[PDB]
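*Asks:* model this:
(chains A, B and C)
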Amino acid sequence: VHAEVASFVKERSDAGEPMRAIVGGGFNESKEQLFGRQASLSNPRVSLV
Amino acid sequence: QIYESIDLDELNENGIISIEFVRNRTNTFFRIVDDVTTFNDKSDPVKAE
Amino acid sequence: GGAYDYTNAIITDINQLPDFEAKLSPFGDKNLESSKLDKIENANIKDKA
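*Replies:* Numbering: from 1, shown residues only, chains lettered A, B, ... in the order given. The protein structure is shown below:
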């Protein structure tokens, strides 16, 4: 879902309706997960909690 | 929270939002330490911050 | 001399494979320029990290 919404925000940005988003990962996800989620989504207009 | 005095650097450099629990001499509260996005590079604030 | 001047571009494209996955190390930020990688010679992955 992080990839899907990131695509959406990028699509609207290209359409002249700028957007940004904040997102998180599950319940108490640690470094092992976060560094796998971050590498999959290393682009602006999204932030990971 | 898993993150200590150095883990907040690993989160921030990787572009991950980090929330800390603060303790003063008398009272406690919570605050956010950075507004970094999931962009890779730190040099360009327009993408990063 | 293609697009693969960066090791993390090799990560994302190993992860595109059905039988294989690649995952960056959690022990600090180690993005590494591909022209400084080193020898491996028929090392078995099937039950090893």
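
*Asks:* enumerate the residues of chain A near chain B.
*Replies:* A:22, A:28, A:30-31, A:34-35, A:38, A:41-49 (C-beta under 8 Å from any C-beta of the partner chain). Yep, even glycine has a C-beta here, placed from its N, CA and C like the rest.

*Asks:* among the residues you listed, which ones are buried?
*Replies:* With burial judged by 16 or more other C-beta atoms under 10 Å in any protein chain shown, the buried subset of the residues of chain A next to chain B is A:31, A:34, A:35, A:38, A:41, A:42, A:43, A:44, A:45, A:46, A:47, A:48.

*Asks:* give me the subset of these that lies in strands.
*Replies:* Secondary structure from DSSP state E places A:46, A:47, A:48 of those in strands.

*Asks:* need phi/psi at residue A:22.
*Replies:* phi -120, psi 140 (degrees, to the nearest 10).

*Asks:* could you report the distance from it to residue C:31?
*Replies:* 24 Å (C-beta to C-beta, to the nearest Å).

*Asks:* near chain A at all, the helix or strand containing residue C:8?
*Replies:* Element membership of residue C:8 [criterion: DSSP states H and E] is helix C:7-15. Yes: counting by C-beta under 8 Å from any C-beta, contacts between helix C:7-15 and chain A involve C:8, C:11, C:12.

*Asks:* which part of chain C gets nearest to chain A, residue-wise?
*Replies:* residue C:26 (5.1 Å; C-beta to the nearest C-beta).

*Asks:* that's a strand at that residue, yeah?
*Replies:* No: applying DSSP: H, G, I helix; E, B strand; the rest coil, one finds residue C:26 to be coil, outside a strand.

*Asks:* relative to residue C:48, how far out is residue C:42?
*Replies:* Distance, residue C:42 to residue C:48, using C-beta to C-beta: 13 Å.
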